[PDB]
Amino acid sequence: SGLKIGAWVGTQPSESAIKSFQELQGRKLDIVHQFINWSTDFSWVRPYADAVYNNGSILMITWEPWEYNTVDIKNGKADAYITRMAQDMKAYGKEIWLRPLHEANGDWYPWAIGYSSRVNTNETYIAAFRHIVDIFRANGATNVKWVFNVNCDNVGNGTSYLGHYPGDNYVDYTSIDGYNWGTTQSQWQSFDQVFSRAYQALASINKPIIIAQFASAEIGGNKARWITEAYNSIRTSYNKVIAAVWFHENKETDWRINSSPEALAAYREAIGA
Ligand SMILES: Cc1cc(=O)oc2cc(O[C@@H]3O[C@H](CO)[C@@H](O)[C@H](O[C@@H]4O[C@H](CO)[C@@H](O)[C@H](O)[C@H]4O)[C@H]3O)ccc12
């Protein structure tokens, strides 16, 4: 019942990318995270899934519908694609944590409630999420566990932590994403400062919580101490969190655990045995 350690490793998780990250952090990955879109069939996923299961890890897939908005989805216009994914995931048989339409309380994704076209509402979101789950259950894909998500902050008009919550009957895990951006954009914020408000909201739901994406910048503060403090906070005060999934990518800023030697040493120590 210890905290599970996961990561998006900055590239799709081939066998070598998983093993390299495990060498890097000095520990097994309990969870391996990958991002795919809604024009990707399971056969493209399968070699990555095999690598993850062969390593003895849980695959978490963030499933991003760039190709269909919530109205599209709830009206059934993607159902052939959803049905094929469900059938293929059932046939695969292994436990997959699937996180569709994430960060919908932001404004950066075309399925999010804050997205500037105004097309996605609480109602269309909930109906879309429920429709996906319904199709998977009709196809016997009970191995697929459903992850609800919020961004740490509500960004854009109409956004909230729970307005778009599809209900306990459709969710196995909840989750929060968030970053300490430092001065890269923004101000330096502790893990608590980033995550406390969203956690308070999700703690009202009797589902375990995953920190599905998090990381810190180097600039504007001490990233090594931030990492030490983040994991201590998770263990001390975020008792409903069961997993911490770092976002290891040199992208908007260097989120990587090895953005500096000091950060790497702190991460290796913080994740524990
Ligand atoms: C303006 C704002 C405010 C905030 O609180 O949070 C975010 C998050 C955000 O995008 C998400 O977080 C990171 C950091 O910006 C993005 O990199 C990430 O994009 C996803 O990255 C993966 C891996 O590179 C891709 O495969 C996915 O396709 C992509 O969606 C977002 O989750 C933006 C703005 C923002």
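Side chains are part of it too, since the values below use all heavy atoms of this structure and drop only hydrogens, waters and symmetry mates. Residues: numbered from 1 along the sequence shown.
Below 30°, between 30° and 60°, or above 60°: for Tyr81 and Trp63 the angle between ring planes is between 30° and 60°, a tilted geometry. Classified by interplanar angle (parallel below 30°, tilted 30° to 60°, perpendicular above 60°), the ring pair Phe35/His102 is tilted. Note on ring orientation: taking the six-membered ring where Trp is involved, the planes of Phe214 and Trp226 are tilted (angle from 30° to 60°). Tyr179 and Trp255 have tilted rings, their planes meeting at an angle from 30° to 60° on a 0 to 90° scale.
Between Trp8 and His248, every side-chain heavy-atom pair lies at or beyond the 4.5 Å cut-off. Side-chain contact between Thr174 and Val147 is absent, with no heavy atoms from C-beta onward closer than 4.5 Å. The shortest side-chain heavy-atom distance between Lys28 and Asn55 falls under the 4.5 Å cut-off. In this structure, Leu101 and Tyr125 have side chains that are in contact, with non-hydrogen atoms separated by less than 4.5 Å. At least one side-chain heavy atom of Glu95 sits less than 4.5 Å from a side-chain heavy atom of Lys145. Contact of the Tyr53 side chain with the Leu59 side chain is registered, since non-hydrogen atoms from C-beta on lie closer than 4.5 Å. Looking at heavy atoms from C-beta onward, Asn149 lies in side-chain contact with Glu103 at the 4.5 angstrom threshold. The side-chain heavy atoms of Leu3 and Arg235, taken from C-beta on, include a pair separated by under 4.5 Å.
Every residue two or more places apart in sequence or in another chain that forms a side chain to side chain contact (heavy atoms under 4.5 Å, CB included) with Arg46 is listed here: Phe42, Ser43, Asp50, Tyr92. Looking at residues two or more places apart in sequence or on another chain, you find a side chain to side chain contact (heavy atoms under 4.5 Å, CB included) between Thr228 and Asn232, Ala266.
Here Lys19 pairs with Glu15 in a salt bridge; the nearest charged N to carboxylate O distance falls below 4.0 Å. A salt bridge links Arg27 and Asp30; the closest N-O separation between the charged side-chain nitrogens and carboxylate oxygens is under 4.0 Å. In summary, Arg99 and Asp177 engage in a salt bridge, as defined by a charged side-chain N under 4.0 Å from a carboxylate O. Using a cutoff of 4.0 Å between basic side-chain nitrogens and carboxylate oxygens, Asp168 and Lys207 are not scored as salt-bridged.
Rounding to the nearest 0.5 Å places OG1 of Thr121 at 4.5 Å from CD of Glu123. The line from CZ of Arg84 to CD1 of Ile82 is 10.5 Å long, rounded to the nearest 0.5 Å. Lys90 contributes atom NZ, which lies 11.5 Å from atom CD1 of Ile96 (distance to the nearest 0.5 angstrom).
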Begin from the C-alpha positions of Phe195 and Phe191 and carry the test ring-ring contact (aromatic ring centres under 6.0 Å, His included) through to its verdict. CA-CA 6 Å; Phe195 287 97; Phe191 182 95; 4.4 Å; yes

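Judged by distance alone, the side chains of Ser196 and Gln200 do bring a donor and an acceptor atom under 3.5 Å apart. For the residue pair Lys223 / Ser259, a side-chain donor-acceptor distance below 3.5 Å is found, with atom types taken as modelled. Using modelled atom types and a 3.5 Å distance limit, the side chains of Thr159 and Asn105 yield no donor-acceptor pair. For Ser39 and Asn37, the side-chain atoms include at least one donor-acceptor pair closer than 3.5 Å. Under the 3.5 Å distance criterion, with hydrogens and angles disregarded, a donor-acceptor pair is assigned to the side chains of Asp79 and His131. Using a 3.5 Å distance cut-off with no hydrogens or angles, the side chains of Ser160 and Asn154 do not pair a donor with an acceptor. With 3.5 Å as the limit, one finds a donor-acceptor pair spanning the side chains of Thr70 and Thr124.
Listed here is the closest heavy atom pair of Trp188 and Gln193: O-OE1, 4.3 Å.
Ring pair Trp146/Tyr173: centre-to-centre distance not below 6.0 Å.
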